[PDB]
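Secondary and tertiary structure notes
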Amino acid sequence: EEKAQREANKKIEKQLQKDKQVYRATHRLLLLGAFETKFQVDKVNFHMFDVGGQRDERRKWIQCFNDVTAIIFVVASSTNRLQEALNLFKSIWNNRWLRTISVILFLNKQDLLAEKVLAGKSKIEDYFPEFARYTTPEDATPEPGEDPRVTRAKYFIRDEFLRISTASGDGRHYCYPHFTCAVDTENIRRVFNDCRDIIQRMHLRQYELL
Amino acid sequence: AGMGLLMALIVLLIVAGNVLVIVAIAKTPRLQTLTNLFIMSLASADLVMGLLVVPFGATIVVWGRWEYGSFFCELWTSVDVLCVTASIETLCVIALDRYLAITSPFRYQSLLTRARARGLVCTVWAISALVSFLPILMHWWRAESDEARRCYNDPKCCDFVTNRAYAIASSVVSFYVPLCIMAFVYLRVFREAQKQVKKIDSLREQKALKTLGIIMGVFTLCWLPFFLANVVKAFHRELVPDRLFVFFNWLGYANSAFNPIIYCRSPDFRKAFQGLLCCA
Amino acid sequence: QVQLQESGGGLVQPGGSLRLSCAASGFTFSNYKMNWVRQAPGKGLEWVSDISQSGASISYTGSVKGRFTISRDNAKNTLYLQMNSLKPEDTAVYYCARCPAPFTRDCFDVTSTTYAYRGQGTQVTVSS
Amino acid sequence: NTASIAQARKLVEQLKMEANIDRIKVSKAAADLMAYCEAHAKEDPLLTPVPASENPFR
Amino acid sequence: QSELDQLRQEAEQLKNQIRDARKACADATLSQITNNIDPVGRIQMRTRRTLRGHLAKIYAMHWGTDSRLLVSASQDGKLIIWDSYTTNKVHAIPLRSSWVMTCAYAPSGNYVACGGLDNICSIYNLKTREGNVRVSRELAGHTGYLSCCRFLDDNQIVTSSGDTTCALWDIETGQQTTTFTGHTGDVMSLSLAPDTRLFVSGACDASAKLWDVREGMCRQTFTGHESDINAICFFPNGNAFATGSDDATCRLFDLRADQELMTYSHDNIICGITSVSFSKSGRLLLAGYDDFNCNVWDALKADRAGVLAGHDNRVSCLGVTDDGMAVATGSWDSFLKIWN
Ligand SMILES: COC(=O)N[C@H](C(=O)N[C@@H](Cc1ccccc1)[C@@H](O)CN(Cc1ccc(-c2ccccn2)cc1)NC(=O)[C@@H](NC(=O)OC)C(C)(C)C)C(C)(C)C
Ligand SMILES: CNC[C@H](O)c1ccc(O)c(O)c1
């Protein structure tokens, strides 16, 4: 009778309680640019998912990705695959249902870029304008590395990505660029520091504080 | 009817805002979040205040004397202290929840749950009752002064004249410890918000000086004068006039209405508030 | 349907001028952001330029900025984008394509075919 | 190019198949639709408010 | 080459022929045919029950045959099966893949379906066990995300995918019997005609195609929408169907005239359409929008039958019971609301 239905509903809700606990504990992440990956860092659940198994038509399955903590956007710093990443990032930032998702931007293949920029192989100035009118910013940390020419182009791609980030997304959007291509195992750590700030900034706005 | 309008207004605003908050959270499941359960505790405490102590305090002020009996006076005083300490400790709990959510986001998400929120509100109400109810019916508050002696025996005297030990211990454990805890947690939250000035764009920087000051401003401007008087009275009674003591008490009652106006400014609240105030 | 017939093109010597006009039918022109996509032989589809509904928000691919300009006539339901100082590297099959959703500031247009809101394009060759 | 021409040929065959189809007058179809709607209007428990006794959701 | 050129020319000639044939069959319009009928007027529907218990946004829903039980699919990874009359849970199914874009309820009331950004249609049987939920069969033959699935009777299920192709699946054999190819964009929604013989399918190419289950070849193509079609539902008679779209429009398409009969749009609506469904008599066409609400449209007068408020997040799924007693809508606020 109704007693059995009530007991079954109570048991289902009891299971859903633990399901709520686990779901709130786990933070989901999207890998876009290059199916499931769960990794533990400082004892907090993290869930990576790459959806490269679908077609290039992206406008209608990405509508399904809006509860994630961040969208991790990886680009190749080397057809013009750069503006294709730029235009994709524009779509992510300005989308109605992706308007509350931060992006952990990763500029991958920097070493491939670095080996590329040591001679006039494919000049960015002749490929992207306003390069000869752009210099490395004063508030920068070039660090000991290659010829200071590469870090000028290194920071130019990050700057161009950021102009899209700062042009919209009043408070629900924040971009977190990073310079990383070599496997060193601290990249996942860089995500933890980025995801911490995303939730922290989410709570600051939610309490009408930031 | 001077006090019949000046004091009838505050109790009405106390009840009008507070029940409007309580019905709003329960009606729409969007506001039934983790943090707003503490908002339910604050609203319930201010509502029982505005229904049990504020209206009777108004009569005790206008009529000039208590007219409900010694047992009713004792119960009214117990409800007064219970509601006041419950409201203050609920503010402290809300501040602690904000601190834990800001400075430890993942730990806050994976640590505090609905069961633990219920435990927290139950514990805070139990502590408020133990601090309020227990040492009153036991007459720990009764002073041994000649002036104090007359008021206890009189059936129309409901004046809170107390010994120094109670006037110090209750004051600290009711206001000063929560005030210090809230000040420290909100200072840490402000420093973290200021650390989040790394937003690269080359009242945004002063926004943290409006939200956090207003939480402390409403609390400090209204309840600090009362417990400052309750402390200066224990050492020497004649400095603070009896008129001022009642005057500062009503400032503390104002937070029962100033609290829904401060903690319910969220756009989710206003969307539910407009649909609740339609009255079609 | 959503037919988008493109015109212009052909063979033009480098350094000349040539104009593309794409006719729109089946949808309200004023409600849609439109953009041009080109595809050089062998290479994939590359976004050229986009223009907002009112013709205010206009952006170009870096390789074509300062040479091509894009303008739309909402009354005539046609989209124009001009050649100036052509180079041999711009030989491609230029397409006129529409943003999938009306009154939206973001697009997901460039796709390896299978995109209905794009015409059949006009072949442009710069060889002289 | 072979895939493109094959797809175009398939589209042409599909369009040719869709070309030769018997079509009824739009007025007749409208009449049939409105006739069905009017005939089954009594049984629809959304056009007219259901009595509270018969409604199982109240 | 020139071969593709004259092939495209022939295709254009055939398109012109189809257009002028459609125009020749346009002697009247639904507006003036319906004009004499009495307006339905204002219809007020109130939330009977709110179904809470899901974690993430609810993406799809489907009523049972008996108008008692509905299944809800959410991106949390759950397939909670509800009981509308007494607002409890019947079953709660944890999904192998966390993202589900579609769920179906078998007409026999014995099987349930799901699927999403995993390219597999998982079938869960609710009867044969001693009390449990287990994956009876997993259908993996799609190269794109599953967007909609519907059981035929008990063993055949048609799935619409983002792979630009629909497919008929034999559950017992776990094999793709027939495939439905001819679309251009991702197929989102398919609706089965009553007394199942043929089904429609609206995709991102702004075109809805009518497919024959046995033949496997589409009969007619209806291209009247400006943008992507996000939903489609069959009119109860079976000679018509209504299609939602991102063009802020719902259009009723007749099967026997191959034409759009009426356009349901208002100048105050900019948002797209998520789900559409007819009423029992077909008088009211219910449509869930991205304007946070679910507008109710009169299916003959093209007038606002009544504004239906509700969820604080976008509505994605909208369904009507077979007996037509109530209308259940699910949104991205993890809430299902029942209205009458
Ligand atoms: C559902 O109802 C509400 O949320 N009510 C809101 C409300 O009335 N909130 C008050 C809170 C308040 C009022 C009076 C005393 C204490 C607290 C706000 O009115 C407060 N504040 C006026 C105010 C200014 C200073 C102080 C103050 C300063 C020093 C010490 C103590 N208080 C108190 C209130 N108002 C402002 O100028 C802005 N908010 C704000 O100040 O908070 C960031 C608005 C505009 C966004 C409302 C509004 C109707 C304004 C939306
Ligand atoms: C007479 N009114 C009591 C006042 O509200 C009060 C509140 C808290 C205390 O700790 C206290 O000693 C007195």
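Residues numbered from 1 in each chain as written, not as in the entry; some residues may be left out. Chains lettered and ligands numbered in written order. Heavy atoms only, no water. Residues with missing side-chain atoms left out of burial classes, pairs and counts.

- The record names cryo-EM as the way this model was obtained, at a resolution of 3.22 Å.

1. Some details on helix α10 (residues 208-235) of chain B
- For α10(B), spanning 28 residues, the distance from its first C-alpha to its last is 38 Å, which sits close to the expected 40 Å at 1.5 Å a residue.
- At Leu224(B), α10(B) is bent by approximately 35°, the largest bend along its length, and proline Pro225(B) sits one to four residues beyond. (Helix = DSSP H or I, 4+ residues; strand = E, 2+ residues; numbered from the N terminus. Expected span 1.5 Å × (residues − 1). Bend = angle between axes of the 7 residues up to and from the residue.)

2. A few points about the pattern of salt bridges
- A salt bridge links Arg68(E) to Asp83(E); the shortest N-O distance between them is 3.0 Å. One end of the pair, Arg68(E), is in the loop between β2 (58-63) and β3 (69-74); the other, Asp83(E), is in strand β4 (residues 81-83), and 15 residues separate them in sequence.
- As a salt-bridge pair, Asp298(E) and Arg283(E) come within 3.3 Å of each other at their nearest N and O atoms. In this pair, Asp298(E) is assigned in strand β24 (residues 296-298) and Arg283(E) in the loop between β22 (273-278) and β23 (284-289), connecting sequence segments 15 residues apart.
- Through salt bridges that share partners, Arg55(A), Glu57(A) and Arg59(A) make up one connected network. (Salt bridge = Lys/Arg side-chain N within 4 Å of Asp/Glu carboxyl O.)

3. Observations regarding the state of the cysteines
Residue and element names in this part refer to chain C.
- Paired by a disulfide, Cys 22 and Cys 96 hold their sulfur atoms 2.0 Å apart. For the disulfide bridge between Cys 22 and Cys 96, the dihedral angle about the S-S bond is near 60°, and by the sign convention the bridge is right-handed. In this pair, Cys 22 is assigned in strand β3 (residues 19-24) and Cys 96 in strand β9 (residues 92-98), connecting sequence segments 74 residues apart.
- Disulfide pairing is shown between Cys 99 and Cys 107; the S-S distance is 2.0 Å. Sign of the S-S torsion, about -115° for the bond between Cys 99 and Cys 107, identifies this disulfide as left-handed.
- When the bonded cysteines of chain B are numbered from the N-terminus onward, they pair as 1-4, 2-3. (Disulfide = S-S within 2.5 Å.)

4. Some words on the arrangement of the chains
- Counting contacts across all six pairs of chains that touch, the top-ranked interface belongs to chains D and E.
- At the level of C-alpha atoms, the two units chain B and chain C stay apart, their nearest approach being 21 Å.
- Here chain A and chain D are not in contact; the least distance found between their C-alpha atoms is 16 Å. (Contact = heavy atoms within 4.5 Å.)

5. A look at the UniProt feature "disulfide bond" in chain B
Residues and elements named next belong to chain B.
- Inspection of the UniProt-annotated bridge between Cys 73 and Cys 158 gives a sulfur distance of 2.0 Å, within the under-2.5 Å criterion for a formed disulfide. In this pair, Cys 73 is assigned in helix α4 (residues 70-103) and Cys 158 in the loop between α8 (146-153) and α9 (164-195), connecting sequence segments 85 residues apart.
- With its sulfur atoms 2.0 Å apart, the UniProt disulfide linking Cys 151 and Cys 157 appears as an intact bond in this structure. (UniProt positions renumbered as here; feature names shortened; annotations may be inferred.)

6. As for the sheet that holds strand β8 (residues 78-82) of chain C
Residue and element names in this part refer to chain C.
- Reading across the sheet, the four strands line up as β1-β3-β8-β7 and stay open at both edges, with antiparallel pairing between neighbours. What marks the edges here is a single partner per strand, and that holds for β1 (4-6) and β7 (69-73). Averaged over neighbouring strand pairs, the angle between their axes works out to 20° when direction is ignored.
- Across three bridges, the pairing between β1 and β3 is antiparallel. Looking at β3, one finds that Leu 4 is bridged to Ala 24. (Pairing = 2+ DSSP bridges. Axes fitted to C-alpha atoms, helices over the stretch in contact; angles between N-to-C directions.)

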